[PDB]
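Chains as they are written, first to last, in the deposited numbering: chain M, 1 to 51; chain B, 254 to 303. One structure is given here, and the rest of the page talks about it.
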Amino acid sequence: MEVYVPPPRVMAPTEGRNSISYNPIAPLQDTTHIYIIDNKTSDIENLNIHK
Amino acid sequence: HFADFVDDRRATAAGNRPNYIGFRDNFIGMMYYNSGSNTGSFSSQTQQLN
């Protein structure tokens, strides 16, 4: 007698519209923060050999 | 050069070792491949993307 069947919700998708993507770890449906430091540029080579 | 030298009179001589200096096979090393430092570009104009 007119039983209300509710819709099952979607759990809005990952890898979506605003998705900072990195392959092994989980992505972010948000804003994030990246850094350009001068501590690193160390132990990487062929990019600054005398700079 | 000298191979053995004692006095200005008595000394043996031997020619220098042959040292061929030219470019590489296939001109390797003329051009910067595999670089983030010296990266050449083939980019289109108007859509300037590399």
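Each residue gets a CB set at the ideal place from its N, CA and C atoms; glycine is no exception.
Residue i at chain B interface by Cβ criterion, 7 Å
i	result
residue 47/M	yes
Within-7 Å CB hit, residue i to chain M
i	result
residue 268/B	no
residue 294/B	no
residue 289/B	yes
Residue nearest to residue i in terms of C-alpha spacing, selected from the options
i	options	result
residue 275/B	295/B, 283/B and 303/B	283/B
residue 18/M	30/M, 10/M, 12/M and 26/M	30/M
residue 32/M	41/M, 39/M, 46/M and 22/M	22/M
residue 26/M	14/M, 9/M and 47/M	14/M
Bridge-paired residues (DSSP) for residue i
i	result
residue 257/B	265/B
residue 28/M	20/M
| request: Please determine if the stretch 258-266 of chain B and the stretch 38-50 of chain M are in contact, where contact requires at least 3 C-beta pairs separated by less than 8 Å. | output: no
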